[PDB]
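Dropping a structure here in structure tokens format, bear with me for questions.
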Amino acid sequence: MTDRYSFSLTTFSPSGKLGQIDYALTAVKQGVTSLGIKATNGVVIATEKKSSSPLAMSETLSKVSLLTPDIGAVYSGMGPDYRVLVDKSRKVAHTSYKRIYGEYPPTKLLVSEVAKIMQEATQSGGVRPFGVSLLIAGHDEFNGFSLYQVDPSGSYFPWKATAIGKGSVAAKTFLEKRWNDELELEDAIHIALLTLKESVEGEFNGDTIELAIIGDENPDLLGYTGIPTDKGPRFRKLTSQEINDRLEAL
Amino acid sequence: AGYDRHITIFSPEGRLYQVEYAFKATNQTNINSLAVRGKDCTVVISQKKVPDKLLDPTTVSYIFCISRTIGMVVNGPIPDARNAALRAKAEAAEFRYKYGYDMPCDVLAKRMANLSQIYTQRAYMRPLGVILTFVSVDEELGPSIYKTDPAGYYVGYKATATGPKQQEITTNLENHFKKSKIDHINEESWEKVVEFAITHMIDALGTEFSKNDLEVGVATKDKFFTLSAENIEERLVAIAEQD
Amino acid sequence: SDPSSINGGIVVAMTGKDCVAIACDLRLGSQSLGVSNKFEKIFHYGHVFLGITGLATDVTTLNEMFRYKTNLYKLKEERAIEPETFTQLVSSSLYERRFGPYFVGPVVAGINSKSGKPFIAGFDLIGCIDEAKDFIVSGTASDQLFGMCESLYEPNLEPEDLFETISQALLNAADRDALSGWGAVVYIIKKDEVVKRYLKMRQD
Amino acid sequence: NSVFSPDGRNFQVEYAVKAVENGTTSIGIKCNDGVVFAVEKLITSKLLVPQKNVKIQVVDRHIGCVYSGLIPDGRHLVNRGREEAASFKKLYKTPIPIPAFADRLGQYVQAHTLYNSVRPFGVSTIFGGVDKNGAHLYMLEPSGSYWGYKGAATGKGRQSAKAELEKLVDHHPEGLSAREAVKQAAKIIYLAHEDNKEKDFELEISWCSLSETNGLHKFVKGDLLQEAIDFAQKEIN
Amino acid sequence: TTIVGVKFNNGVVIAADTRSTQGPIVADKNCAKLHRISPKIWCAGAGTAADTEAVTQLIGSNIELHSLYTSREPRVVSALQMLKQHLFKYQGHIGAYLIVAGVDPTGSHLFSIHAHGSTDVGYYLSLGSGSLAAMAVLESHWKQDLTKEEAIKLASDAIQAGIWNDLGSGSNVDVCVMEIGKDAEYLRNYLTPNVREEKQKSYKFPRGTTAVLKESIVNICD
Amino acid sequence: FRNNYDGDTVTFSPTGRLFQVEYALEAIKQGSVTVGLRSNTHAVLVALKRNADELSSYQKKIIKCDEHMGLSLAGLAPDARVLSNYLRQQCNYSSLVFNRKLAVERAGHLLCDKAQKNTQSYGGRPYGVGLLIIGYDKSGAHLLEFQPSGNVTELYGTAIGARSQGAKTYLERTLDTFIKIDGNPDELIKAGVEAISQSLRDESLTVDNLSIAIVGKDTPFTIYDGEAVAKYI
Amino acid sequence: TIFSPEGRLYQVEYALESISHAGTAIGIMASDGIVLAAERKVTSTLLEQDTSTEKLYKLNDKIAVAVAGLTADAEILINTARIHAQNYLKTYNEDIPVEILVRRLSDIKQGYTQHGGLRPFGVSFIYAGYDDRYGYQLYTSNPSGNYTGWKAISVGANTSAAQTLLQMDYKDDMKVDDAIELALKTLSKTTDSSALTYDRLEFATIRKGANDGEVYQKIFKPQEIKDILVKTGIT
Amino acid sequence: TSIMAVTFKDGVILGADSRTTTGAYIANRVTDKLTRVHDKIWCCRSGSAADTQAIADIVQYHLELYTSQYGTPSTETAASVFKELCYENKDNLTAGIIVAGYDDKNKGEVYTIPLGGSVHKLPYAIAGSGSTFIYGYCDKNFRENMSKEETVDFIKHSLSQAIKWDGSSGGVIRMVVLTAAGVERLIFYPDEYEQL
Amino acid sequence: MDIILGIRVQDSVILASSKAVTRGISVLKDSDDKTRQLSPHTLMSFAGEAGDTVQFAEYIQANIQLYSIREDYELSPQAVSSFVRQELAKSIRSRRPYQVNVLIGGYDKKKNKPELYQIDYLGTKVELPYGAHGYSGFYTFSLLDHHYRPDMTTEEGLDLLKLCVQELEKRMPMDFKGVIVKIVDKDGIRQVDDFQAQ
């Protein structure tokens, strides 16, 4: 019954640091590596399924999530914080946008909405910041393909490619070397797989890796036909097998 | 005593000590439990210890019937356990009322994990020092085990175990599932899946159980139920012949 | 009496070949008494045009609301709202007042700047979208407007001809309505340019 | 309160237990068709009116409650129990079953160990009564923990009471009548008084028996009270 | 309005006419009355037009969120429960009357919902001002275990009954077929039996016909 | 043990103690002495009033709650006002709704429960006042002792305040005599005034010192101050 | 929110301390326009320049801000400021006078300074706007909620240095093209980097609208900055 | 609507016709008016279909929760929940409900909750518009401790008269049998019961 | 009922407002000034339901005076009128609406033009060369349709107003006790004290 911490738990220290934001970022550093790469005709987000037991069924835990038919997210940091953020983002896409303009939000605006939910955990009474960094990959008619990073402070940045979590510094380097503005989606997936191999201890296969794209519309995944102006979702999670096919030609 | 050890704010290392401490509380009852999946059932076994002889043995349980279909075993102190039981029951009834169908095991798990995540983030709530193991035969997924912890984490299991001697049982089961190569126990009757579970607990813990040393919950298509001492005594006799 | 009959007025929109047209009369009355010869009922937000008939206090209020909302839309999205999107915004804005509605009959006209497709729509006072491709009518002479348009209309008219057809539909529907008329204005809308013409009509 | 120690304990609850331990000793005994409650009342002075500082409380008509620790906290818990029992009867028509009632108290007490703005209750409560399917005895700790009991004791004299209670369960494995358990309750309270002998005491007994009270909570008074006192006095020597 | 819903052996079909009216006047000669709650759960409405369209989109959006939250395909009984609970809360003031039909992991379903929040189940249903004409056709030809082809015929026939005999309905027939195995198929303007005959004359005006008082170019940009 | 454990009413000490409540109890001992005792027919309150100065008035210690009930205070006086107000209301509610005079015992239970909520709320404080409550109800004469902890006990007699231990030993001694002073108000008052004497390192108790209250069988609760107490000195 | 024995607001001073580490932003007000220039915080080749705005934000058609501090905090305030301007437009059918919008924001900041026990917003603003009462205006606001008017001003890192350089070369009859030149020069001299390249800059002007009588906000595209970086002679 | 519940030797049987009308139009000729609120607690609804469905849905919720916390609810408990809703909301509900249930202790039980929100425990109960025509028949033909087949006959004949006279009632006759044996659905057709 | 006229000439706006206050069968007062000055160069006349009439005017007057002092600036007639419309537009859907009709006469300094705004209780706004509320319009509008010119002087406009008041004294069933006439121009607001027999 009732909160006794009606004050900010994130305050400025004598040097201007916002301690709790700083610490949350450290929580992200300890988290499993995730990354995104933008091609000319797509975006790819990838991460490692670091399983907690070989008795757990890793398919029942998804680190890659659909936010809207054309938008997906991956994270580094605290899973539970991610899960609830995804719920809140899915909902805010409807209540703040779709229920108003009858269409899904463009990527920057949805990203902006998530950032607001995270900024608020940084200022409101009686709460800690979210211990996560998200990468949000999406498409919209008027902005084309985009990729965004969102930090515990609520700050976001558009990226051509980036990596967050454990081996982020090495991977960011590995990406600066490999990336150009003429990349097709298949090339970007190939680079994603390579970048992730440096970060991964054990087995590196379609069961231990999670990979999704923002490609073209899959009218097959729509669920109905007869409306020609509805072409289907651009978000698509690659299957275990689809991942393995691309490691044999690696 | 710094704040970062009293409430759920980040430590400089990026840890939440109250969460970590809540995980320790889970073992304070000194009870081990395990869950397996059959072909068309799911079985939970938990040790039953009644130290005081003034206690009514019938009222000492860590297995709860959440809904007609979902069952829950808790590793943790009873007061927190019953708190989680009540809520899960309430949440399960509300799902059915609003959405017209029975709350799935994994969904209740997700929901309870979400509630736990909140205590992780809001200062005025303490986490619950419990680990919740949810079982059923889902109408869409078949036999199911889903487990939530004070961190708000949950995942699905082929089989699982919880408590102080958790690891002994885990490695035992891990070893079995390497041989069978499948992700369940190939058996028709739940009666034989309960036996397997009891057997592999005996071997992993190196202990013999009487009918009063155990607690069994069984979920089949459209019912979850707990066995009486006598249903268990029958099981103990069945293993004794051959083994 | 009837809130939609207090002030009077009409709005019609049509589509032609690579164009749209939107027209309104200029009357503002108070029952029998004509008050203003200069009450325009068509507005725009970027390249999206919105006419409104009904109670005039609601016509004004809604213009100010949609200016407000399209202004904020443009700052966030960094582009101007498109016809199809605006229609959806008008709709939900109206339904939000379901049990206390604006007493209006909005009409949306425009060309989608990406697809070049001409677009018109209509609504009832609680935001139900009328999605005709040919013409949309609204106001205290809507019965007369339906009749005119249903006869005069034909698809793919060139801007200069669509202007004649829409002007004729409006002028003659207005002249059979005691609450409509007193001047008229017509917009001809092309992807590149928009022309506005004040019509000469009976002042009675 | 809402603070876990590094080894997963709750020091505030543990301290609340010390307040219980500090209190008067109270007991409950389950018989084959009812339950018996008894409590020790320390006579601070001759100025206290005999029989007139009633510690045992009734909830609804069929439930008795006794407690050791901070008496005011016990009253707070019984008030709540009564609201919780009235609410149940209002919706479901039937009077609240004992396990149902136990959990209602249980969740309420546990709630007072979740938030930094509150302290745990400084009592352990022994309670029970007769419902649709038998007699039930419970004991509820400051942590919200509770289980069913054959016999239960709390407070200063809890150890000797438990020893006597353990002995009864061993000599009478097939039951034990309400009329007998009332006597035995007088005895156990008298034995447990050994610890608080520096001051005089007064004995309070109450019972809820299917055959003896018609499944309703009743105070033991008059000839039945005196006869039990006698038994206790005669078996102490 | 005429809306029907017909069950067959492997699924469910819904159909509707394409006329909206403002009293005696026809506003849209070819609107779509068939709405989507989710990919395989569709909906038809009579009553307050804005109300059926809204309650459909609200429950549509919430169902989407529910599906994502639960990692399951949406079920017809969920759309049903949410719609009925919402309509009830508003004591009938949301004038939505619906036939909701679809397929989910548990089979195929056909339900009616009335504005006050009561629901019913059935093998064949109709709503709208063309309700009774269509029910007369359905009661004349429905049999247990229709094939897909038979079911479309029967539904399509029922809408025609309303198109021809009920003034509140007209124009074209829309159909949506929902089979248990497959994607839902939305057959827009399945039948078009009401083509306007060519007019006797052309009414295109000689340019300059209209008197213009003044003229100016309107500015779009900034 | 005493260090970090007396910050609020919401913290237990490692001994099981609530220090704020024990500190509120210490405000009573600081307060001026007052005595209560009863026979079968009457109940009496006697209070030594204290003046803060020689030019000041002696502050009142007796508050009337209903025609059949009243209390004397020792401790924080404003708290007594809060608690007697509530008690007046509970009496009032009982009359208006049930047409019943509130039993003195229930008045005890009601004060106990109110005091308790302030021993468990954060940002509140315990009451810092002790009360002696007398009444005549449907079961005769009653006297209660109220402690800010919530503990309310029914006694034949008692005293609370500074040096109160003197009067309490006296009453414990005089028990068998005063309990039988039935149908004689003036003798019972005499037995109470003589009881408050055992609690005086002070002096003679004057006609301003002194405050007496009585209730019984055919006597509504009345307060005697000044002139009207002269005949008891 | 509390006071120090000195009569200072701890949390405000620490918020201002936070700001001094943020990239410098510069506003210069000329007779025929206003310049806003700001330095992005040391980035990466992989940062998408084209679709990024971390320091320069549009408030309405006639008013803009340059940000220094927590971006996420700024976005909160910008969004409310955007609303306040639209409320004013709805009420009066006139675009909000620049000062009224500045005061409003400044008051919301002052609020967190005085009650509610929430951390202040770690944000400093330079406002650039035009209205038909005061013409071109330049304002500053910080976490305290104080605001002041300026002819040239800087926020973020090295304001001490930047302010002295502006004081030296600023003269009241400057044209916008001369103010553009000053702003870039000043940044280059106060940078903590090898060179001031286009990929590390955000640039905007508020001019007298090419040829009209209207006011135009030009937010410089990445390429346009690279052009104006050569023209002025820094390449 | 014609609805009834009858207690017999082995338990209790609920019966109802299948017709729902709006005015003189039959909106549904095959309605199922026998509503389950628990394994062996059922009810027949009369009045506003919206109101009674919403009520039945809430009671079913309350009893599901009840069963998770405290076991199986008595029929009396079910009736109490219905009465609670019906009474406390009488100014906004037109709902007449007949509750019927079975357990091993209390055997077969019937409760009727008419418009006001009062509760009445009865050997048998009739309600709905069609019931008024069978008050005579039922009072003259009902006996206690009837056999199953006798009870099915008593309902069949009763509702056939109710259907015969009340235009609101009609269609098929549905029944639910509630005994220790379990739950049994019965359906009877016009071609049969009309010939009685 | 109450007479509220406004005419906009070339260099000023003129307001004329009836002097009578009538309750039932009695004329309680015959010198009532149905006007509030909003700022130095903006005047508002009002008519409608008994209490709300003055209450609304004084509320608007307070708000505009607050704005003036806060900004040390005078709002344009257009902005003031927009504010007023919004307050009435809000009021129309409130618990108990203001039943007040108003004319706003103002002289805009930035533009150097007079401006006349007619606003009814619904929050219907329109800028007019001449306007009226209530029945008075049914007489005066046709007269001003004929006799009005855009270039008229302040004096010419007063003659035209006098012609309107004569018509109303001739044809109106109720005795409104003449008008108080006020002029709003570049020098502010002044009242013509002689009109009753001028």
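Each chain carries a letter (A, B, C, D, E, F, G, H and I) given by its place in the written order, and its residues are counted from 1.
In this text, a residue touches a chain if its C-beta (ideal position, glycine included) is under 8 Å from a C-beta of that chain, and two chains touch if they have at least 3 such contacts.
Which chain is which protein? Per UniProt: A = Proteasome subunit alpha type-2; B = Proteasome subunit alpha type-1; C = Proteasome subunit beta type-3; D = Probable proteasome subunit alpha type-7; E = Proteasome subunit beta type-2; F = Proteasome subunit alpha type-6; G = Proteasome subunit alpha type-3; H = Proteasome subunit beta type-1; I = Proteasome subunit beta type-4.
Asker: Touching chain B and chain I alike: which chains?
Answerer: none
Asker: Count the touching C-beta pairs: is E-H or D-F ahead?
Answerer: D-F is joined by more C-beta pairs in contact.
Asker: Taking each chain's centre as the mean position of its Cα atoms, how many Å separate chain D from chain I?
Answerer: 83
Asker: Please work out the Cα centroid separation of chain F and chain G, and write it as a whole number of Å.
Answerer: One centre to the other, that is 70 Å.
Asker: So what's the Cα centroid distance for chain E and chain I, whole Å?
Answerer: Measuring from centre to centre gives 54 Å for this pair.
Asker: Residue numbers in chain E touching 2 or more other chains?
Answerer: 69, 85
Asker: In chain H, what residues contact two or more other chains?
Answerer: 69
Asker: In chain C, what residues contact two or more other chains?
Answerer: In chain C, nothing touches at least two other chains.
Asker: Considering the complex alone, what residue numbers of chain C touch chain G?
Answerer: Going through chain C, the ones touching chain G are 64-65, 67-68, 71-72, 75.
Asker: Within their complex, state which residues of chain I touch chain G.
Answerer: So the residues of chain I touching chain G come out as 71, 73, 75-76, 78-79, 82-83, 86, 110.
Asker: Mind pulling up the chain I residues that touch chain C in the complex?
Answerer: By the definition above, chain I touches chain C via 85, 88-89, 92-93, 118, 120, 122-128, 131, 137-138, 141.
Asker: Could you list, by residue number, the parts of chain A that touch chain G in their complex?
Answerer: Of all residues in chain A, those touching chain G are 6-8, 10-18, 38, 108, 112, 115-116, 118-119, 122-125, 143, 146-147, 153-162, 172, 175-176, 179.
Asker: For the complex, which residues does chain G have touching chain A?
Answerer: These residues of chain G touch chain A: 11, 14-21, 44-48, 51-52, 54, 70-73, 75-76, 117-120, 122.
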